[PDB]
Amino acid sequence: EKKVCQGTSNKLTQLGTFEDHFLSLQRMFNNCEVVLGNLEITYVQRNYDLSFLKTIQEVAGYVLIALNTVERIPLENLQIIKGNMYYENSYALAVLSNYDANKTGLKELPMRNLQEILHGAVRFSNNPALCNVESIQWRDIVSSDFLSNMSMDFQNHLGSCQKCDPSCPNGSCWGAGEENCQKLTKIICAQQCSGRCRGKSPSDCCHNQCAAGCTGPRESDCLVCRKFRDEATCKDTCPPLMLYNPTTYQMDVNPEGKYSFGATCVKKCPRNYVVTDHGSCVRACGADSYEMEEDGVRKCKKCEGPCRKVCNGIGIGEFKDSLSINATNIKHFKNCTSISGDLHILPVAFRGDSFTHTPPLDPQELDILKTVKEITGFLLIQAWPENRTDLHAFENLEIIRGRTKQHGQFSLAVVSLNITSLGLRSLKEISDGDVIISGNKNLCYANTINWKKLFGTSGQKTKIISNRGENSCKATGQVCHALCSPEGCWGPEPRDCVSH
């Protein structure tokens, strides 16, 4: 029931003008409490209300605050940054150059609740108007294994900052007022404590699983969970489905057993994910292991010899920082049937990229993908051979499972192509996520398909817009074949028909 958002990875890049940028930022992080990716507050101009930031309480990746001329950023309730990802490969918090060219800008950063950085260091630089932040002692918040990587050159030229309230211990505070004082949960802790704590008393020693702190030494009284969160209890690892019996020497069923999903212990994996024997919800099985359904459960199984090739998708593995299917990595998809991950086909594949040493891609080399029948993540096509009329390489594709989705939403996206028909005539299931079919100035048959017949989840919606207009296609006789009245078609020809 915790409100959840994807975060952004734009890393100091600007989306449109400062208005457009603010609008995208606000749409992203509106009423969000847990950010699964990075929290990137950049380019927010003075007199812009950042009230929605008051809701975010946890960040899994890194937090970036840069080039804002806004006066205040109210991350009042940010409790923890897990640091699952670094800015510049050593920072879970990077605040950097928040000022306008007329010597003004960000001054109020009242992160009064930030009490834990699980992984990473923090870096502050070139915040001239920034008030009161040269006061915070970070030895308490950051882990000791990262203290050397901090690089934070706290100076200000404004100097018109109200001193920290005399009530704040050691003069350390995030803003003005007796409410913005720093709370110590590690440094002030007693010697007998395991880790975090509420005070120097041994009574206030918090459970080792409490990340920010606690309101009581029990497991369920933590402020944030360090590892896994089972219901309302912080757990080092999810309770297994079976427990060993030291007396009988055999395995017995655990009634409190749970499946590991993300950082949570759930009673059941999600519909389109896989299940390992360990009782854990996975996005893919290791090499020399295959996916299969057996009694209402999708699960991994080992293969004694003959099983499918491990084809990772654009984004993961050998395709780590790749933007698209391109001439370099096309050959690695020669004999793929299942794509373990996502597929991107961007315009730069076709134009070639000089900055990644990538030559142009031969359109005739695309037909390699005709062997592919299953994609487990999302399929994103923003470029296609302009001389090609349909998506011919995917004529044998049957299922898009949508485990990972673009922006956490889209499992099928076909945008801005010269195609006239989709030609996805073997498509039978889209297990999760939304479809977006946009900007294809010549496409004419996407309307005839009842896309709710492919969907495996309620609330899966489509966005079929800005293509060749319906009445346009009907006016030029570019409609489904007569023998194919029931569910439409993917093209003019009788085989392109879904039901014939």
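In this text, residue numbers run from 1 along the sequence as written.
- 285 to 293 and 370 to 378 differ in mean CA B-factor, and the higher of the two is recorded for 285 to 293.
- For the two regions 356 to 364 and 306 to 314, the entry's Cα B-factors average higher over 306 to 314.
- Between the residues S203, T328, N254, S338, it is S203 that shows the highest Cα B-factor in the PDB record.
- Note on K82, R401, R218, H344: the highest value goes to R218, judged by CA B factor as recorded.
- Split the chain's modelled residues into thirds by C-alpha temperature factor. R196 is in the highest one.
- Per the PDB record, residue ranking by Cα B-factor puts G120 in the highest third of the chain.
- When the modelled residues of the chain are ordered by their C-alpha B factor, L114 lands in the middle third.
- Looking at the C-alpha B-factors along this chain, the one for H407 belongs to the lowest third.
- When the modelled residues of the chain are ordered by C-alpha B-factor, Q45 sits in the middle third.
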